[PDB]
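**Q** just the starting chains for now, same placement as in the complex:
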Amino acid sequence: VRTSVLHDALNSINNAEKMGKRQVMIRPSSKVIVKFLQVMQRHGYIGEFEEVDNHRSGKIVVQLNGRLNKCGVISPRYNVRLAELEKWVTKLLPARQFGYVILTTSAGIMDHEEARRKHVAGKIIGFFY
Amino acid sequence: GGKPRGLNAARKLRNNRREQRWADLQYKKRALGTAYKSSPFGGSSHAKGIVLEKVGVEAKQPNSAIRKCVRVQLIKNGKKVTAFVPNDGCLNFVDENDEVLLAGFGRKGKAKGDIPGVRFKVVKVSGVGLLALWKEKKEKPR
Amino acid sequence: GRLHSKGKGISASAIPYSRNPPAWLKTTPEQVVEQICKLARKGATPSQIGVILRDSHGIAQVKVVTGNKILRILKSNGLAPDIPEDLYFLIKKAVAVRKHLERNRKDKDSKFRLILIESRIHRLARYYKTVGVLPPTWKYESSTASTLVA
């Protein structure tokens, strides 16, 4: 059964982009999904997205503009200290100059670079580059 | 594929690795301690014994020669084994009742080369060392 | 797909987006409640109380007209059944299989069905006990189950 709505959204986005399409549809919509898209949007990796409102859960239609290589999710949301955050960027990021690792903390979800500025840590939920 | 992946499944993963670890052959012989029990040497590197007789052993099929081994009974536990005397014309240095010292071929319990059923070689005889006698660096005591 | 099967059908009902009664209904919520209680006293369970209202005259959704579900209305009027109807129908089917089975001793297929039905009853009864609908000591005894149905 559906055990991770976030994985379904990120997987569906990756498939359409890899095939060269321009738009995607996501069947279930949640707060974590929208907060994940907003982080990607502010860095220019996607465009506008719109949330149609059926009374059950709503859908999302995202607009693609290339520039996106992969967007994945880590299924067991591990606990990561602030001191060991550099282990992860060495693992699942192509290079040190660019790329973002998404965390969830008590101060909202944010990428791995803003968390360093605010000096906050938490749980890891995904990545995109 | 097919592993448990949840955040509270540390018990299943630890138990599974312990069970499947026995299929390894190197680890299985370490855990059961077969060397301490079955090996003629008590898990040691060398051993001393007494020579009983001189035996010639035929080489395997592609080759053709006589390997000129020797029979020895271990002092430590009374077991009987056969050992190979290396180099050319070295049986003339091992008489009867000579207190030889042995070692392995380095294949860790398997026969080396074309010699069948031989796992040890003579290192010293009468406490002089075989190779030193071969190059005439010493004279065998009487 | 299915609880005990391999089918994967998707047949269901689609609820309209609108949450307001149509302009041609012209029936008060109070009249609907009195209509519900008459049918419940005649013996109907909530299942076909709704379908009678929908097919015969008027109401398509009881919730939109009155703001409450059918079972909730009946409970406040002291008309709720002693055991839930969904569990009641499962018990009724299990009794009929046992009665047929004892006459046909070597019907090996019907024996398989009885294990599935009873296994479905135990799962459903556990949920009702942990929510408070049924007393914690309630047990499905095959011997005395025939009295509950009728």
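**A** Done, it's in. Numbering: from 1, shown residues only, chains lettered A, B, ... in the order given.

**Q** look up how far chain A lies from the nearest residue to residue C:46 once chain neighbours are set aside.
**A** Counting by CB to CB, 6 or more residues apart in numbering or on different chains, residue C:70 is the residue found nearest to residue C:46 once chain neighbours are left out, at 4.6 Å. Any C-beta I mention is one placed from the backbone N, CA and C, and that applies to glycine too. In this view, residue C:70 and chain A are 20 Å apart by CB to the nearest CB, to the nearest Å.

**Q** count the neighbours of residue C:70 for me.
**A** Residue C:70 has 18 neighbours, counted by other CB atoms under 10 Å in any protein chain shown.

**Q** repeat that for residue C:34.
**A** 9.

**Q** rewinding a little: I figured the residue nearest to residue C:46 hits residue C:50, correct?
**A** Yes - look at residue C:70 against residue C:50 with CB atoms under 8 Å: they come within range, at 5.9 Å.

**Q** mutual contacts of those two, please.
**A** Residues touching both residue C:70 and residue C:50 (CB atoms under 8 Å, 6 or more residues apart in numbering or on different chains): residue C:62.

**Q** and stretch C:60-71, how far out from the chain middle?
**A** From the chain centre to the centre of stretch C:60-71 is a distance of 17 Å (CA atoms, centre = their mean, to the nearest Å).

**Q** how about that stretch: buried residues?
**A** C:62, C:64, C:65, C:66, C:68, C:70 (16 or more other CB atoms under 10 Å in any protein chain shown).

**Q** so who does the fourth one touch?
**A** Contacts for residue C:66 were tallied using CB under 8 Å, 6+ apart; they are C:29, C:32, C:33, C:73.

**Q** what about 10 Å?
**A** Neighbouring residues of residue C:66 by CB atoms under 10 Å, 6 or more residues apart in numbering or on different chains: C:21, C:28, C:29, C:30, C:31, C:32, C:33, C:36, C:59, C:72, C:73.

**Q** which single one of these is nearest to residue A:92?
**A** residue C:72 (51.0 Å; CB to CB).

**Q** grab the longest strand from chain B for me.
**A** The single longest strand within chain B, with elements called by DSSP state E, is strand B:47-55.

**Q** throw RNA strand D on there as well:
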RNA sequence: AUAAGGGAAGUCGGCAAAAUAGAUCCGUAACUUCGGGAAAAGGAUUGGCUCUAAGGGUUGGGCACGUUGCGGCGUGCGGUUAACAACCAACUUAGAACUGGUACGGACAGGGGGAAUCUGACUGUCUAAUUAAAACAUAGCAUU
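**A** With RNA strand D now in place:
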């Protein structure tokens, strides 16, 4: 009927005799048709006297009216004695102290046991007056 030391060296052969034995508490193998084997094998305790504890039966229960020779009923009720009080009656079980020439199922009564082979499955029956058995019978199975 009893015998020092030895304990089957006797004899066709342990034939005759000896040893074991009641009750309470521990303990119990191979094999097996799972019912048995089993009282397997092998150990401990036992008197007298002075005490302690447990196991039962019967009759009694508060006011308010009415009848009647201190009360038996008519009733009208209420209460459940945080189970008390008097009286009556046989035996069976467990525990402690003291005591003796260490003895005590003190006479009577009262299983020797274990490892294996041959043979008939078992209980049962027969040569009265030399043979009780491996012989006969038996359930089960098969044929006319």
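
**Q** RNA strand D added, so what about the neighbour count of residue C:34 now?
**A** Counted with other CB under 10 Å, residue C:34 comes out at 9.

**Q** ok, residue B:109 next?
**A** So residue B:109, with other CB under 10 Å, has 13 neighbours.

**Q** quick one: contacts for whatever residue of chain C ends up closest to chain A?
**A** Closest contact between chain C and chain A, by CB to the nearest CB, is at residue C:17 (6.2 Å). Listed by CB under 10 Å, 6+ apart, the contact set of residue C:17 reads A:53, A:54, A:55.

**Q** repeat that for residue A:24.
**A** Here residue A:24 is in contact with A:9, A:12-17, A:46, A:49, A:60-64 (CB under 10 Å, 6+ apart).

**Q** how about residue C:103?
**A** Contacts of residue C:103 (CB under 10 Å, 6+ apart): none.

**Q** could I have the CA atoms of stretch C:107-119 written out in CSV?
**A** Provided in CSV are the C-alpha atoms of stretch C:107-119 (Å, rounded to 0.1, in the frame of the first residue of the first chain):
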residue,chain,number,x,y,z
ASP,C,107,-17.6,-30.8,0.5
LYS,C,108,-14.0,-29.8,0.9
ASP,C,109,-14.4,-26.5,-0.9
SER,C,110,-17.1,-25.2,1.5
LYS,C,111,-14.8,-26.1,4.4
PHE,C,112,-12.2,-23.7,3.0
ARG,C,113,-14.7,-20.9,2.7
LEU,C,114,-15.7,-21.3,6.4
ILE,C,115,-12.2,-20.7,7.5
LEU,C,116,-12.1,-17.4,5.5
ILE,C,117,-15.4,-16.1,6.8
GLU,C,118,-14.6,-16.8,10.5
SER,C,119,-11.1,-15.4,10.1
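
**Q** in it, what counts as buried?
**A** By 16+ other CB under 10 Å, the buried positions in stretch C:107-119 come out as C:114, C:117, C:118.

**Q** among those, which ones are in helices?
**A** C:114, C:117, C:118 (DSSP state H).

**Q** and stretch C:133-150, how far out from the chain middle?
**A** 17 Å.

**Q** for stretch C:130-150, which outside residues touch it?
**A** By CB under 10 Å, 6+ apart, stretch C:130-150 touches C:80, C:82-84, C:87-96, C:98-99, C:114, C:118, C:121-122, C:124-129.

**Q** one more, RNA strand E:
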RNA sequence: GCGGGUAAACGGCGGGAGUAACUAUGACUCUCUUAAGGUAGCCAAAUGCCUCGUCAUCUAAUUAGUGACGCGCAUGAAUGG
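**A** Same chains as before, plus RNA strand E:
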């Protein structure tokens, strides 16, 4: 009389020669022969003459006892194994 059936009916169920890189043994082959040539099992057994058979065990010493071996004078399948 001629011709069929029937063994949980009465009963029956074999000899001689050669042959494997030492010796021994004989899976294999030729040969005589009829109703069929003893199969599964078991054994010096209450059934074995030669016999106190040969090997092991039990004893200081055992024609006895038990466990094995089997060309078995003359074991053997409801004459039941």
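
**Q** the contacts of residue C:66 again, this time with RNA strand E added?
**A** C:21, C:28, C:29, C:30, C:31, C:32, C:33, C:36, C:59, C:72, C:73.

**Q** most neighbours among the residues you listed, which one is it?
**A** Counting neighbours by other CB under 10 Å, residue C:36 leads the contacts of residue C:66 with 23 neighbours.

**Q** just say helix, strand or coil for that one.
**A** Look at residue C:36: counting by DSSP: H, G, I helix; E, B strand; the rest coil, its state is helix.

**Q** quick check: the nearest residue to it once chain neighbours are set aside vs chain B, distance?
**A** Nearest-residue entry for residue C:36: residue C:73, 5.8 Å, with adjacent residues in sequence omitted and distances by CB to CB, 6+ apart. To chain B, residue C:73 is 43 Å away according to CB to the nearest CB.

**Q** now do the contacts for residue B:5.
**A** Contacts of residue B:5 by CB under 10 Å, 6+ apart are A:75, A:76, B:13.

**Q** which of those residues lies closest to residue A:35?
**A** Using CB to CB, these come closest to residue A:35 at residue A:75, 18.1 Å.

**Q** can you give me phi and psi for that closest one?
**A** When read as degrees, to the nearest 10, the backbone of residue A:75 gives phi -80, psi -50.

**Q** hmm, it is touching residue A:3, no?
**A** Yes - the pair residue A:75 / residue A:3 is scored as a contact, 8.6 Å apart, by CB atoms under 10 Å.

**Q** and what about the residue in chain A positioned nearest to chain B, helix, strand or coil?
**A** With CB to the nearest CB, the shortest gap between chain A and chain B falls at residue A:76, namely 5.0 Å. Secondary structure, three-state DSSP: residue A:76 is coil.

**Q** what are the boundaries of the helices in chain B?
**A** Under DSSP H, chain B gives helices at B:10-20, B:25-32, B:34-37, B:130-134.

**Q** right, so those: which one is the most enclosed?
**A** Of these, the one with the most neighbours on average (mean count of other CB atoms under 10 Å in any protein chain shown) is helix B:130-134, at a mean of 16.

**Q** contacting residues around it?
**A** Here helix B:130-134 makes contact (CB under 10 Å, 6+ apart) with B:85-90, B:92-94, B:100-101, B:121-126, B:137-140.
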